[PDB]
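Engineer: this block holds the first chain(s) of the complex, placed as they are in the complex; more will follow:
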Amino acid sequence: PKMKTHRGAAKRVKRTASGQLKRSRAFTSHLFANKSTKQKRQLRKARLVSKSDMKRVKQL
């Protein structure tokens, strides 16, 4: 039958080709210096995308 998507990848947005992710350590932990908390920039998924790119395959 059709193939099903991993519904818990509500944490990835498809770029033109690849996928963008969210930063871990992002909350309820803030006894930190301030150069540290500030880098909440966007990083993409690595070349572990060969283990899990068939599961988010209609996110397109």
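Structural biologist: Received the coordinates, thanks. Residues are numbered from 1 along each chain as shown, chains lettered A, B, ... in the order given.
Engineer: if you skip the residues just before and after it, what's nearest to the residue positioned nearest the centre of chain A?
Structural biologist: Note on chain A: the residue nearest the mean C-alpha position is residue A:21, at 2.2 Å, using Cα atoms, centre = their mean. Spatial nearest neighbour of residue A:21, chain neighbours left out: residue A:45 (5.3 Å); criterion: Cβ to Cβ, 6 or more residues apart in numbering. Quick note: C-beta positions are derived from backbone N, CA and C, even for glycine.
Engineer: which residues of chain A fall in helices?
Structural biologist: Counting by DSSP state H, one finds helices in chain A at the ranges A:34-37.
Engineer: what about the strands in it?
Structural biologist: A:13-14, A:19-21, A:43-44 (DSSP state E).
Engineer: tell me which strands the first one pairs with, and in which orientation.
Structural biologist: For strand A:13-14, the paired strands and their directions (DSSP bridges) are strand A:19-21 (antiparallel).
Engineer: so the residue nearest to residue A:21 versus residue A:1, what's the distance?
Structural biologist: 28 Å (Cβ to Cβ, to the nearest Å).
Engineer: and if you look at residue A:10?
Structural biologist: 23 Å.
Engineer: neighbour count winner among these two?
Structural biologist: Neighbour count, other Cβ atoms under 10 Å: between residue A:10 and residue A:1, residue A:10 has more, with 8 against 3.
Engineer: gap between the two ends of stretch A:51-60?
Structural biologist: 17 Å (Cα to Cα, to the nearest Å).
Engineer: next, the buried residues of it.
Structural biologist: Neighbour counts over stretch A:51-60 (16 or more other Cβ atoms under 10 Å) mark residue A:56 as buried.
Engineer: now do it: everything it contacts.
Structural biologist: A:3, A:5, A:6, A:9, A:12, A:14, A:19 (Cβ atoms under 8 Å, 6 or more residues apart in numbering).
Engineer: slot chain B in:
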Amino acid sequence: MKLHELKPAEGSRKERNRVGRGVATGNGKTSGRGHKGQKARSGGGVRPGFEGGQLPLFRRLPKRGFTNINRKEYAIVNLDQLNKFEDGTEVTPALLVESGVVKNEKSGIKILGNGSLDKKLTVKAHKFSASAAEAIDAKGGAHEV
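Structural biologist: Alright, chain B goes in next:
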């Protein structure tokens, strides 16, 4: 050609690879599956995403953002898809959907200046950008929303 001398295209069809049919084929006995383990068992293997016990990649990263079902999508149209008819006039959505330059109007028609109009035709769509109208104004069309 004839029905007793027909030939297919060169390098168009190949023979399927049959595993476990001798030692001369190089894919017999073990049939390229290794020796032992859980990946050599009939119908064995872990789920596509298992890390073998370590927390999965999609479990340490947090989620964010909603969905907002009620969303308005407009069929994007460039300025290079309006120079198909010289001396044009009243380019309405009905004359654009039957033109073949645009189809299945999601919910309107938005124009985006990507190229040069190179004409003075009268435009008339749903809504444009801050450059599309300017280009239409230069031409001489009464762009009306």
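Engineer: please reconsider the buried residues of stretch A:51-60 now that chain B is part of the model.
Structural biologist: Under the neighbour-count criterion of 16 or more other Cβ atoms under 10 Å in any protein chain shown, stretch A:51-60 has A:52, A:55, A:56 buried.
Engineer: so the first one versus residue A:25, what's the distance?
Structural biologist: Here the criterion is Cβ to Cβ. By it, residue A:52 lies 21 Å from residue A:25.
Engineer: same question for residue B:10.
Structural biologist: Distance from residue B:10 to residue A:25, by Cβ to Cβ: 58 Å.
Engineer: and these two? Which one has more around it.
Structural biologist: residue A:25 (13 against 6; other Cβ atoms under 10 Å in any protein chain shown).
Engineer: any idea how far the more buried one lies from chain B?
Structural biologist: 9 Å (Cβ to the nearest Cβ, to the nearest Å).
Engineer: contact distance from chain A - what residues of chain B qualify?
Structural biologist: Applying Cβ under 8 Å from any Cβ of the partner chain, one finds that chain B approaches chain A through B:48, B:49, B:57, B:58, B:59, B:60, B:61, B:62, B:63, B:64.
Engineer: go again with 10 Å.
Structural biologist: Neighbours of chain A within chain B, by Cβ under 10 Å from any Cβ of the partner chain: B:47-51, B:56-67.
Engineer: drop anything exposed from these.
Structural biologist: Of these, these count as buried by 16+ other Cβ under 10 Å: B:57, B:58, B:61.
Engineer: in helices only, show me these.
Structural biologist: Those of these lying in helices (DSSP H): B:57, B:58.
Engineer: in JSON lines, list the buried ones among the residues of chain B next to chain A along with distance to residue B:17.
Structural biologist: Formatted as JSON lines, those follow (distance: Cβ to Cβ, whole Å):
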{"residue": "B:57", "distance to residue B:17": "33"}
{"residue": "B:58", "distance to residue B:17": "35"}
{"residue": "B:61", "distance to residue B:17": "40"}
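Engineer: which one of the buried ones among the residues of chain B next to chain A is nearest to residue B:116?
Structural biologist: Minimum separation from residue B:116 among these (Cβ to Cβ) is found for residue B:61, which lies at 45.1 Å.
Engineer: onto the same structure, chain C please:
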Amino acid sequence: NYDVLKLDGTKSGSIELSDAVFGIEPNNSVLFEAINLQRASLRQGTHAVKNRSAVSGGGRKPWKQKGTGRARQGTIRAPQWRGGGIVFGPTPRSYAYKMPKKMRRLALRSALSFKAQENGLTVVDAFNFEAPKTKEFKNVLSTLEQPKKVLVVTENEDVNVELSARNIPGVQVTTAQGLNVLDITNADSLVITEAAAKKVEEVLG
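Structural biologist: One more piece, chain C, placed on the ones above:
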């Protein structure tokens, strides 16, 4: 491009109706897929066998698991047993697929052109018999010297042309709309009617 209409030798109003339909370059790649898919939908998937869970009986363990000195068996209907139990046998299914409309037309025009460049086309005039006379069609084919295999073309529903000349070894009848790529590639000569000779020039043009 200049074909000559005929009728039992007598030459009628010569018709030059032949442009991009006849005298064109035929494709040897679009004509092979049109014949491979033609006999692919002419197959009936009526074949099946019983598996390990379909044979009668075989639900009780033969003997003990260990302590007998024999091989450990589980059922009496196993695949290696003489009783029965096939592994991966045939199963009911279809073998028909589809192809782009453009390709369908190209192949159709790639066959007629080959028959026109091999001196195997003959545009005869309208013909009709009062009653299906097989003997009448026998002498008719005797006059127009042609090969053993032929393929007469109909305009609409010639009942007298369908019922007659149908029990002949190496003869087939069809209509302009019912033009295939297997029957046209199986015959050696073509005999289409003048009225039905321009009808295929518009549908395939």
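Engineer: with chain C now part of the structure, what is the answer for the buried residues of stretch A:51-60?
Structural biologist: A:52, A:55, A:56.
Engineer: for stretch C:155-167, same thing?
Structural biologist: Buried, per 16+ other Cβ under 10 Å, within stretch C:155-167: C:155, C:158, C:160, C:161, C:164, C:165.
Engineer: still on that earlier bit, just checking, the residue nearest to the centre of chain A touches residue A:41?
Structural biologist: No - with contact defined as Cβ atoms under 10 Å, residue A:21 does not count as touching residue A:41 (11.5 Å).
Engineer: could you list which of the buried residues of stretch C:155-167 belong to helices?
Structural biologist: Reading helices off the buried residues of stretch C:155-167 with DSSP H, I get C:160, C:161.
Engineer: so which of the buried residues of stretch C:155-167 is the closest to chain B?
Structural biologist: Distance to chain B across these (Cβ to the nearest Cβ) is lowest for residue C:165, with 21.8 Å.
Engineer: give me every residue that touches the closest one.
Structural biologist: Listed by Cβ atoms under 10 Å, 6 or more residues apart in numbering or on different chains, the contact partners of residue C:165 are C:129, C:132-134, C:136-138, C:140-141, C:150, C:152, C:171-173.
Engineer: ramachandran angles for residue C:102?
Structural biologist: In terms of degrees, to the nearest 10, the main-chain angles of residue C:102 are phi -50, psi -50.
Engineer: any idea how far it is from residue B:2?
Structural biologist: 25 Å.
Engineer: same thing with residue B:27?
Structural biologist: Where residue B:2 is concerned, residue B:27 sits at a distance of 38 Å (Cβ to Cβ).
Engineer: and for residue C:125?
Structural biologist: 30 Å.
Engineer: between those two, which has more neighbouring residues?
Structural biologist: Under the criterion of other Cβ under 10 Å, the comparison of residue C:125 against residue B:2 puts residue C:125 first, with 16 against 9.
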